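Visitor: This block holds the first chain(s) of the complex, placed as they are in the complex; more will follow:
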Amino acid sequence: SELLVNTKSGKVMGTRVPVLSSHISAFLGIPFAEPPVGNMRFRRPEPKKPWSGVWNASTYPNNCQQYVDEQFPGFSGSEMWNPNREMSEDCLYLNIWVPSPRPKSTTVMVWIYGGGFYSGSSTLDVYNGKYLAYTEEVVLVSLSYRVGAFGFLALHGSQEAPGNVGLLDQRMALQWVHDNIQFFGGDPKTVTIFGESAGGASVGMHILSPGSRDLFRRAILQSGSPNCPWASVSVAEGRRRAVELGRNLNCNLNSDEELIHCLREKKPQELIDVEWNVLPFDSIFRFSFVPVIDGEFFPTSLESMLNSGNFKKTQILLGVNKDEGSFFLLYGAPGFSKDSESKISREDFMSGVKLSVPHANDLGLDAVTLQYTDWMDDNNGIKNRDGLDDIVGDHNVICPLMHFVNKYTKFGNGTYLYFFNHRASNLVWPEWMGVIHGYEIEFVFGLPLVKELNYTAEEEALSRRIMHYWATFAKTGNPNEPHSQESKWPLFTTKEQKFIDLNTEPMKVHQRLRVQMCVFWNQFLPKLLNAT
């Protein structure tokens, strides 16, 4: 029977699963590592010891230990991103959706969730890969990885807490797909890794890290890049936050061994309670325990690796959403509220500026405000709100990615670039937030195809277009079907720099995505700060 699969680690038994008037196979909660509990907290993951018997693979696993958003209790808009399973340090598991009948060798897609490296779950409703596996005849995997301190506490020079271990969690997941996906009908030679936000940053980090390049074929990055200012810290800064975390918990701080033994003693929620207190009073758009530039996982600085071609050469498909700053501001900036139009005075605009560029001389502040202020209309609350939203999105997401795109394309084997700007008809967040960070995911996973989810027919067609782009790219490295004559999504070349709009209108091709602002962010502003 097709719900039984033998693997190099043991037998697993899945469940038949309905999906749009048909059925497919799902294997939920397969372990890919030893449970990182106890004195293994903060350590590199070990491979899952092989098991006897059949592993019930019919129900979702636990989610990892993480902060939980409570800003809007019961609000579906925020709670659709929270853990929907019991939380535990025993959380290193993957899930697989396999078409029925089982294929023999079809392309594989591995989903890497986001959440700023401090949160995330593979079991969210928007991450349910059954629609995509069934519609595009792919084998859909979603992995999990340790977040927060559990996955990214970095005491460099130590082997009990070296940092980046949540990245090694993902890597082991990919190694297990390389080794066992052939038994699920998947082609381990055509594995596409994809992910959004922190997951998009992860994908790019696996493109960069030599110990990861050989475990996948190509890559998709949504609203995230490895060079994003929130996505990595130095070895010094990682050690500082780790010691600062000990201070918060009354820890002996003389050695790394004593620091680590104390932290291993605390219950997980104790660590999470004080997690945000280690950030520098430098503030707001930054998360505590992120990957570290350690010399091992990342040989040198990300910028030098990028400049020298020191990265896997393949095909990539990536892009951004129109409004990437909205959540940063709602949750952390003064004067933004879920239930008002959040119009913003001149005063509040100037304070959000300062929050958006941590540690910038005053001359830099003027540079930013001069660039984003309409001085013919400088007291317009809506323009001030939109301007701040652009500042935050350009700085933290769009312009890092545009830098990555341009650096990568000089050496890679094909780049495709998209600008997603359709606001979902049924979005529960306020209108002023726009085409929000994170709200293309439901289209990539084909949720518009479910009528009771209350999407427009145009949104079903856009989701089908997008799913087909993603899967056709994963099978062949080109989103366009060969001899099917609809408008072509053109290659992104250093010369032309073309991209497309992704929305419900007929495709349009543009050039040089937000080049005006990103010249400012990627070339002018850092020069200004360097020379003052």
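Guide: Thanks, I have the structure now. Numbers count the residues shown, from 1 in each chain, chains lettered A, B, ... in the order given.
Visitor: Packing partners of the longest helix seen in chain A?
Guide: Identified as the longest helix of chain A according to DSSP state H is helix A:457-476. Applying 3 or more C-beta pairs under 8 Å, 6 or more residues apart in numbering; DSSP states H and E, we find helix A:457-476 packed against strand A:106-112, helix A:130-136, strand A:186-196, strand A:218-222, strand A:316-321, helix A:441-444, strand A:498-502. Where you see a C-beta, it was placed from the backbone N, CA and C, and this is true even at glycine.
Visitor: Output the ones you listed in CSV, with mean neighbour count and distance to residue A:388 appended to each entry.
Guide: Formatted as CSV, the helices and strands packed on helix A:457-476 follow (neighbours: other C-beta atoms under 10 Å; distance: least, C-beta to C-beta, whole Å):
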stretch, mean neighbour count, distance to residue A:388
strand A:106-112, 25, 30
helix A:130-136, 23, 35
strand A:186-196, 23, 23
strand A:218-222, 26, 23
strand A:316-321, 26, 17
helix A:441-444, 22, 24
strand A:498-502, 21, 24
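Visitor: could those be laid out in a markdown table, adding distance to residue A:354?
Guide: Below are the helices and strands packed on helix A:457-476 laid out as a markdown table (distance: least, C-beta to C-beta, whole Å):
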| stretch | distance to residue A:354 |
| --- | --- |
| strand A:106-112 | 33 |
| helix A:130-136 | 42 |
| strand A:186-196 | 28 |
| strand A:218-222 | 29 |
| strand A:316-321 | 24 |
| helix A:441-444 | 31 |
| strand A:498-502 | 32 |
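Visitor: mind checking which of the ones you listed is nearest residue A:169?
Guide: In terms of C-beta to C-beta, the element of those nearest to residue A:169 is strand A:106-112, at 10.4 Å.
Visitor: neighbouring contacts of that closest one?
Guide: The contact list for strand A:106-112, computed with C-beta atoms under 8 Å, 6 or more residues apart in numbering, reads A:99, A:122, A:127, A:129, A:132, A:137-143, A:145, A:170, A:173-174, A:177, A:181, A:185-188, A:190-195, A:199-200, A:202-203, A:216, A:470-471, A:474-475.
Visitor: Of those residues, keep whichever come out buried.
Guide: A:99, A:122, A:127, A:129, A:132, A:138-143, A:145, A:170, A:173-174, A:177, A:181, A:185-188, A:190-195, A:199-200, A:202-203, A:216, A:470-471, A:474-475 (16 or more other C-beta atoms under 10 Å).
Visitor: Helix, strand, or coil at the residue of chain A positioned farthest from its centre?
Guide: The outermost residue of chain A relative to its centre, with distances by C-alpha atoms, centre = their mean, is residue A:376 at 38.5 Å. Here residue A:376 is coil, with the state taken from DSSP: H, G, I helix; E, B strand; the rest coil.
Visitor: and residue A:425, what does it touch?
Guide: Each residue near residue A:425 by C-beta under 8 Å, 6+ apart is listed here: A:454-456, A:459.
Visitor: among these, which two are most distant?
Guide: Pairwise across those, and taking C-beta to C-beta, the largest span is found between A:454 and A:459, at 9.7 Å.
Visitor: Look at those two and report which has more neighbours.
Guide: residue A:459 (22 against 11; other C-beta atoms under 10 Å).
Visitor: Quick check, that one in contact with residue A:424.
Guide: Yes. Checked against C-beta atoms under 8 Å, the pair residue A:459 and residue A:424 is within contact range at 6.8 Å.
Visitor: Give the buried residues for stretch A:369-387.
Guide: Within stretch A:369-387, the residues that count as buried by 16+ other C-beta under 10 Å are A:369, A:371-373, A:381, A:383-387.
Visitor: Would you point out the most distant pair within these?
Guide: The span of the buried residues of stretch A:369-387, defined through C-beta to C-beta, is set by A:371 and A:381 at 19.4 Å.
Visitor: what's near enough to touch the residue nearest to residue A:140 when sequence neighbours are not counted?
Guide: Closest residue to residue A:140 apart from its sequence neighbours, by C-beta to C-beta, 6 or more residues apart in numbering: residue A:129 at 3.4 Å. The contact partners of residue A:129, taken as C-beta under 8 Å, 6+ apart, are A:95, A:97, A:109, A:111, A:140-142, A:445.
Visitor: put chain B onto that model:
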Amino acid sequence: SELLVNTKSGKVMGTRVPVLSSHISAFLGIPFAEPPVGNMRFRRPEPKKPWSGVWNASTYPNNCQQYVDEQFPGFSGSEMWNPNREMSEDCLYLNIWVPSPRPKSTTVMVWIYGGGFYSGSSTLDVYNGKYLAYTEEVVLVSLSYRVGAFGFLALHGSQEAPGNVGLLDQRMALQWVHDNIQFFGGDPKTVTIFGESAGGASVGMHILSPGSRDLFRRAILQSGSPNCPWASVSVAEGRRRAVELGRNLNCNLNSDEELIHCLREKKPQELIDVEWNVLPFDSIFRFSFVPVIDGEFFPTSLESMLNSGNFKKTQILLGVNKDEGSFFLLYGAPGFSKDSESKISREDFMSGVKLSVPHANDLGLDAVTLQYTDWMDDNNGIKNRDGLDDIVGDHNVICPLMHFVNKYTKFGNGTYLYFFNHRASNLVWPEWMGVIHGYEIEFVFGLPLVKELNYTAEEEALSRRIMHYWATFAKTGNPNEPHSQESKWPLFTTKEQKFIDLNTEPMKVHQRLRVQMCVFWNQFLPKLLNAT
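Guide: One more piece, chain B, placed on the ones above:
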């Protein structure tokens, strides 16, 4: 008879002059100072010694000694600005157009010509005040003043060449109008001084200088301001250029007395030949001998005087032309030509940038180019040409004036602001130069009213509108006629910052003239240079 007038200096006899199917009276070439010749070269002017007999005042005087443009021999576009009379150091004379019959007490307007303080003549065809005197029933004076080294050689601490003497030339002209214009039918209580470019800068400098404020009632500034970067130098920089001028002429350089005796010996054209060699290799948009911030004529820095209200409080009417950079670039920038469309490569744009900001760190260069570059279309030769034209005009004219306007309006008694953007139908310079610096003057002086000058009927109506604005402002301090209901030219207030367009279309009112660029020029760029 009305061609004879007795003055506190002697009798003068003018000539009857035809003008648009009528006649008026003109008194050309009245001396207002002692001829500044010989050992009086470079000295403060002395009053004209009174004379016996009748002074023939029927023919134009000489023009002062000055550089003469020969870039386009015979080209009327350039030659209409050159001396049209024999040149001489004996050039301190004024000219008066008096309506017929002679008025008893009507308002007076004193024209101060431009020419970068290195050139200019009161006798140019475009400066012929007969049309304005006759049409608006004013008494029109035009003065003259020493230019070049003869008027602005500045060896501070010396009494034989203190600097600013060409400004004292103008002042003496105004003192003579104060004393004698009542005999020509002019009201010495309603004297309006006006002028363009260097003359506009002069007008503002007389508003600033205490020894000048009491000699006129109000003021008009066209395309010039006292704070313009080409309009003044420091005492140190004036001494440097003066000594450098001696080096060029094999002068003894040990003392000021010996420096000055040598320079007084050279024939005037010898000084003019080497005049441009004293500029710092710092270049292009600067003129050699300009006013100096000496502590006498200007008590303190122009910026501190402006900030503290240390200036005459009255009404002012001022404005700019759409394209102020065109001549700077044509004559001095590489890649601009009279007879091509002067489209400009990316390379040449970057070199014109460097020429437009003398002495700017490289970080400042990027600031300028980032602000004026369209990075979606950065190789457009026309946009690159227009961008450079805006850089030069904003920096050297528009944004200094906008700074002056805003500083003055806090303390003055009424400000009116215009943006002149009608290109004359019959302009002989190439189209790419646009609404050129200097080409509103012919409208202010009513030359469109002469049919054989080949202007459109709309240009006759615009000239009449403008002449009426200027004269009504000069009589009453408000350009609008009281109870005549046509659209009103609104006051310029710190809050609203309104101005009007001056062209052949019906008046329109706008707000915050080029505020985006002038925030960059007047606030951001100097801060950037200061802090690097």
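Visitor: Please re-evaluate the contacts of strand A:106-112 in the presence of chain B.
Guide: Here strand A:106-112 makes contact (C-beta atoms under 8 Å, 6 or more residues apart in numbering or on different chains) with A:99, A:122, A:127, A:129, A:132, A:137-143, A:145, A:170, A:173-174, A:177, A:181, A:185-188, A:190-195, A:199-200, A:202-203, A:216, A:470-471, A:474-475.
Visitor: And the longest helix of chain A, how far out from the chain middle?
Guide: Per C-alpha atoms, centre = their mean, to the nearest Å, the displacement of helix A:457-476 from the mean C-alpha position of its chain is 20 Å.
Visitor: again, but for stretch A:424-436
Guide: That offset, for stretch A:424-436, works out to 20 Å (C-alpha atoms, centre = their mean).
Visitor: First-to-last residue distance for it?
Guide: Length of stretch A:424-436, first residue to last, C-alpha to C-alpha, to the nearest Å: 9 Å.
Visitor: Name the residues of it that are buried.
Guide: Counting neighbours by 16 or more other C-beta atoms under 10 Å in any protein chain shown, one finds that the buried residues in stretch A:424-436 are A:424, A:429-430, A:432-436.
Visitor: residue contacts, the residue positioned nearest the centre of chain A?
Guide: Against the mean C-alpha coordinate of chain A, by C-alpha atoms, centre = their mean, the closest residue is residue A:199 at 2.3 Å. Residue A:199 sits next to A:111-114, A:120, A:222, A:224 when contact means C-beta under 8 Å, 6+ apart.
Visitor: what's the closest non-adjacent residue to it?
Guide: Leaving aside its chain neighbours, residue A:199 sits nearest to residue A:112 (3.8 Å; criterion: C-beta to C-beta, 6 or more residues apart in numbering or on different chains).
Visitor: quick one on the thing from earlier: how near is the residue farthest from the centre of chain A to chain B?
Guide: Noted for residue A:376: a distance of 6 Å to chain B, by C-beta to the nearest C-beta, to the nearest Å.
Visitor: go on, residue A:526?
Guide: 11 Å.
Visitor: Check residue A:360 too.
Guide: Taken as C-beta to the nearest C-beta, the span from residue A:360 to chain B is 13 Å.
Visitor: Chain B contacts on chain A?
Guide: Within chain A, the positions near chain B by C-beta under 8 Å from any C-beta of the partner chain are A:361, A:363, A:366-367, A:370, A:374-376, A:511-512, A:515-516, A:519-520, A:523-524, A:527-528, A:531-532.
Visitor: so how far is residue A:206 from the residue nearest to residue A:199?
Guide: 9 Å (C-beta to C-beta, to the nearest Å).
Visitor: Between these two, which contacts overlap?
Guide: Joint contacts of residue A:112 and residue A:206 (C-beta under 8 Å, 6+ apart) are A:170, A:193.
Visitor: Can you find the residue of the stretch 1-150 of chain A that comes nearest to chain B?
Guide: residue A:114 (29.9 Å; C-beta to the nearest C-beta).
Visitor: How about the contacts made by that residue?
Guide: Residues in contact with residue A:114 (C-beta under 8 Å, 6+ apart) are A:120, A:195-200, A:223-224, A:438.
Visitor: Let's see that with 10 Å instead.
Guide: Neighbouring residues of residue A:114 by C-beta atoms under 10 Å, 6 or more residues apart in numbering or on different chains: A:81, A:120, A:195-202, A:222-224, A:437-438, A:441.
Visitor: ranges for the strands of chain A?
Guide: A:4-7, A:10-13, A:15-18, A:23-31, A:54-56, A:93-98, A:106-112, A:139-142, A:186-196, A:218-222, A:316-321, A:415-420, A:498-502, A:509-511 (DSSP state E).
Visitor: The first one - contacts with which helices or strands?
Guide: On a contact count with 3 or more C-beta pairs under 10 Å, 6 or more residues apart in numbering or on different chains; DSSP states H and E, strand A:4-7 meets strand A:10-13, strand A:23-31, strand A:54-56, helix A:165-180.
Visitor: Quickly run through the sheet partners of the third one, with directions.
Guide: Sheet neighbours of strand A:54-56, with direction, are listed as strand A:10-13 (parallel) (DSSP bridges).
Visitor: Just the CA trace of the strand it pairs with, in CSV.
Guide: The C-alpha coordinates for strand A:10-13 follow below in CSV (Å, rounded to 0.1, in the frame of the first residue of the first chain):
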residue,chain,number,x,y,z
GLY,A,10,13.0,3.1,9.2
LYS,A,11,9.4,2.6,8.1
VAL,A,12,6.8,5.4,8.2
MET,A,13,3.1,5.2,7.7
